[PDB]
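Below you will find one chain, with nothing else, as structure tokens; this is the form deposited in one PDB entry, and questions on how it binds or moves follow later.
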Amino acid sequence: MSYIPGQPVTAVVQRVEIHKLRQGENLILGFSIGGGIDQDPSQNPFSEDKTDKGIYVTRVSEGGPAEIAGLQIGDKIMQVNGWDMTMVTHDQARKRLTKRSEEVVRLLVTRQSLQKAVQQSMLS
């Protein structure tokens, strides 16, 4: 899950924005997640990666809205719905993205090397 051929720390900050997936009364997030100063900070007393005390996605559902926006199962989220995730409790970020009122769901992610559907281009 962790390998940097020529991009240690210098990851690609991308934007995930998808319209909440309503279910009866609630909204479904097509990803699993833990990011928090709320979480266990005792594994990265300065940094662990681009994750640190930030928020970061632990999954994404195949075919769910998170994948449509481009979330990648293991990505360090820098923001949730306009909030700032660098040192914010898991629940702070989770509560925002589980607001059944956010017609659209905003996620700022730092995406490192979870390359999918990359198109080849032969330069000769």
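The numbering used is simple: start at 1 and walk along the sequence shown.
Not on display, but discussed next: the form deposited with a partner chain bound.
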Is its partner chain in the bound PDB entry close enough to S32, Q43 and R59 that every residue in that trio has a heavy atom within 4.5 angstroms of it? yes
Hey, in the bound PDB entry, does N81 get a heavy atom within 4.5 angstroms of its partner chain? no
Answer with yes or no whether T98 is in contact with its partner chain in the bound PDB entry, where contact means some heavy atom within 4.5 Å. yes
Distance check, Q72 to its partner chain in the bound PDB entry, heavy atom within 4.5 Å: no
